[PDB]
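A quick write-up on the structure given underneath.
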Amino acid sequence: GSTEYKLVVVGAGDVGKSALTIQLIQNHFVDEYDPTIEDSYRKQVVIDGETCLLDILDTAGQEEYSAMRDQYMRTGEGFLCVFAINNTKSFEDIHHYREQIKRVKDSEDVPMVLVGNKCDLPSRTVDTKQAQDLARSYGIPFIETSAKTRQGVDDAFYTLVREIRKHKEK
Ligand SMILES: C=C1CN2CCC[C@@]2(COc2nc(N3CCN(C(=O)/C=C/c4cc(CN(C)C)c(C)cn4)C[C@@H]3C)c3cc(Cl)c(-c4nc(N)cc(C)c4C(F)(F)F)c(F)c3n2)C1
Ligand SMILES: Nc1nc2c(ncn2[C@@H]2O[C@H](COP(=O)(O)OP(=O)(O)O)[C@@H](O)[C@H]2O)c(=O)[nH]1
Ligand SMILES: [Mg+2]
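Take the sequence shown: its letter number 151 is residue 150 in the authors' numbering, and every next letter is one higher.
And the structure:
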């Protein structure tokens, strides 16, 4: 059978969670996606020879800390922590997402990838070194992406799958 990987895309509003997801799923860049639509999308993919079923949760809606919401988010096996490279606030929010994920997974060792999205844009306010340094602080990979050009998109999600595989071998 296919191994299913439950991947969760998190990050501040407008960083490109939906656009990254749709690029992975539909191979198309979406200029506009309703920011209140949270949905899960599936795609069968081959990663390192293995046929995988990716289940991608594109998070949306008001932040909510309830048992129900935590229970749901806790089903994620790996998390893309997305900021936009032209939005310093979205970068400064990353530790909040990291902290919430560690909380609901009750683990310091959750499969995670730091994603700096919108690298196609000229107006970057978060330089690569600071983002690499934050990923190093967390012990996780850092991948620069563009949902618009597809730069890094496969790498971001596939790296997350490889992280989950490695974690499950403990
Ligand atoms: C430091 C902080 C704490 N918050 C207070 C200040 C802000 C902050 C948010 O903080 C914050 N915002 C979350 N929003 C709201 C904002 N977004 C959006 O795309 C909304 C975009 C948007 C865009 C537009 C259009 N524009 C152009 C304007 C409009 C009109 C409206 N909306 C992302 C996500 C759904 C959020 C979502 C989730 Cl699921 C979780 C979460 N909850 C759990 N229970 C457990 C876990 C393990 C998580 C985690 F996995 F995700 F981690 C959080 F933790 C979250 N925290 C960041
Ligand atoms: N130029 C560029 N724009 C992007 C990229 N990713 C997302 N966007 C745009 O940023 C806006 C918000 O993207 P969206 O996926 O809705 O962000 P979300 O709130 O995190 O789901 C939309 O206009 C997208 O077209 C990217 O890699 N490059
Ligand atoms: Mg969205």
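Backbone N, C-alpha and C define an ideal beta-carbon position, used for all residues, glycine too.
Check: Beta-carbon proximity list for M72, same chain, < 6 Å, skipping 5 on both sides; Outcome: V103
Check: Any non-hydrogen atom of ligand 1 within 8 Å of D13 CB; Outcome: yes
Check: Cβ-Cβ separation, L53 to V8 (assumed contact under 8 Å), whole Å; Outcome: That belief does not hold up - the Cβ atoms of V8 and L53 are roughly 11 Å apart, past 8 Å.
Check: Element boundaries [alpha helix (DSSP H), containing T35]; Outcome: First-last for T35: undefined, no H or E at that position.
Check: Separation of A11 from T124, as counted between CA atoms; Outcome: 16 Å
Check: Proximity below 9 Å, CB of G75 to CB of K5; Outcome: yes
Check: Any non-hydrogen atom of ligand 3 within 8 Å of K147 CB; Outcome: no
Check: Sub-9 Å separation of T158 and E143 beta-carbons; Outcome: no
Check: Three-state secondary structure (DSSP) of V109; Outcome: coil
Check: For ligand 3, residues whose Cβ lies under 7 Å from any non-hydrogen atom; Outcome: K16, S17, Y32, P34, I36, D57, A59
Check: Three-state class that DSSP yields for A11 in the structure shown; Outcome: coil
Check: Pair within 9 Å by beta-carbon distance, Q61 and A146; Outcome: no
Check: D92 versus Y137 - alpha carbon distance; Outcome: 14 Å
Check: heavy atom of ligand 2 below 8 Å from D119 C-beta; Outcome: yes
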